[PDB]
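[1] the sequence isn't on hand, but the structure is:
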Ligand SMILES: N#Cc1ccc(-c2ccc(S(N)(=O)=O)cc2)cc1
Ligand SMILES: N#Cc1ccc(-c2ccc(S(N)(=O)=O)cc2)cc1
Ligand SMILES: [Zn+2]
């Protein structure tokens, strides 16, 4: 027993072990597209994933992470609101029990079927563990998923999920190209926030893409076959692993586009 997304250990409970849950820069938030400020001074995002090296896929009991070799500058995010260089460590998703919910960020209160998080750490801090302890330690690129046409670049991920059904299971996952998960446009909103799960540390520059990607009904259905539990423990489907929108408080969301 620990934090999760159930009746008894879900988002409304987290503050009791992680008091920063009620902090001043918590994520996710609703993106009010009409209050967001266009900043013509924001640089284009630079996503350089051509040399990415995926290693493994892991069911951690809260989601599944596709992990990368982050020991060199092989897959990096720069530009936009960011100073310096951020290294890709892993990506994961949050999703719903139904197509009408699943995203963590919302857009004018709209919820998408899922949300992809590509997690990067600021190389000036040397590694991920040190980066999460810093106010500008992480840059998370968030991408919304809507149900429609299939995303061919997602299919290799979908097909390996059968081998990591339960908490603690991992599988080799090499040569996966995260460029296949991106939409056409790199137009984005950006704001200062936090990890959306415990420990909820306020270490994230959020960069959320305006353009969702489309995935098929069958692709998201396969996410919903995963389990929160370990093998041989009672089966609970890994669904609705999203935190709802948190108060914006003293924050402005910026937009890269008019
Ligand atoms: N049986 C049982 C049982 C049910 C719920 C908990 C629990 C643990 C951690 C948290 S949290 N989210 O603060 O970390 C919340 C609830 C423990 C045991
Ligand atoms: N130890 C540890 C430890 C556990 C979990 C994370 C984490 C990373 C990204 C996110 S998110 N959903 O904001 O992209 C949430 C949590 C970091 C450190
Ligand atoms: Zn996430």
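    That came through, no problem. Residues are numbered from 1 along each chain as shown. Ligands and ions are numbered 1, 2, ... in the order given.
[2] wait, what's in contact with the residue nearest the centre of the chain?
    Nearest to the mean C-alpha position of the chain, counting by Cα atoms, centre = their mean, stands residue 117 at 2.1 Å. Counting by Cβ atoms under 8 Å, 6 or more residues apart in numbering, residue 117 touches 91, 92, 93, 94, 140, 141, 142, 196. Heads up, the C-betas are built off the backbone N, CA and C, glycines and all.
[3] okay, and the third one sits in which element?
    Under DSSP states H and E, the secondary-structure element containing residue 93 is strand 86-95.
[4] next SSE downstream of that strand?
    Taking DSSP H and E, what comes next after strand 86-95 is strand 106-107.
[5] on the three-state scheme, the residue of the stretch 1-150 of the chain found nearest ligand 2 is what?
    Nearest residue of the stretch 1-150 of the chain to ligand 2, counting by Cβ to the nearest ligand atom: residue 117, 3.8 Å away. Under DSSP: H, G, I helix; E, B strand; the rest coil, the three-state class of residue 117 is strand.
[6] how far away is it from residue 65?
    10 Å (Cβ to Cβ, to the nearest Å).
[7] now for these two: what residues contact both?
    By Cβ under 8 Å, 6+ apart, the residues touching both residue 117 and residue 65 are 91, 92.
[8] hang on, the earlier thing: also within reach of ligand 1: list those from the contacts of residue 117.
    Near ligand 1, taking Cβ under 6 Å from any ligand atom as the test, no member of the contacts of residue 117 is found.
[9] around ligand 2, which positions in the chain sit nearby?
    Counting by Cβ under 6 Å from any ligand atom, the chain sits next to ligand 2 at 117, 119, 132, 140, 195, 196, 197.
[10] in stretch 49-60, which residues are buried?
    49, 52, 53, 54, 55, 56, 57, 58, 59, 60 (16 or more other Cβ atoms under 10 Å).
[11] double-check residue 238 against residue 227; I have them as touching.
    Yes: under the criterion of Cβ atoms under 8 Å, residue 238 makes contact with residue 227 at 5.7 Å.
[12] these two: who's more crowded?
    Shown here are residue 238 and residue 227; by other Cβ atoms under 10 Å, residue 238 has more neighbours (24 against 19).
[13] which residue packs closest to the more buried one, ignoring adjacent ones?
    residue 226 (3.9 Å; Cβ to Cβ, 6 or more residues apart in numbering).
[14] what number of residues lie near the one you found?
    Residue 226 - counted by other Cβ under 10 Å - has 23 other residues nearby.
[15] could you do the one 5 residues further on as well?
    Other residues within reach of residue 231 by the criterion other Cβ under 10 Å amount to 11.
[16] isn't it right up against residue 61?
    No: taking contacts as Cβ under 8 Å, residue 231 lies outside contact range of residue 61: 11.5 Å.
[17] so what sits against both of these two?
    Counting by Cβ under 8 Å, 6+ apart, the contacts common to residue 231 and residue 61 are residue 168.
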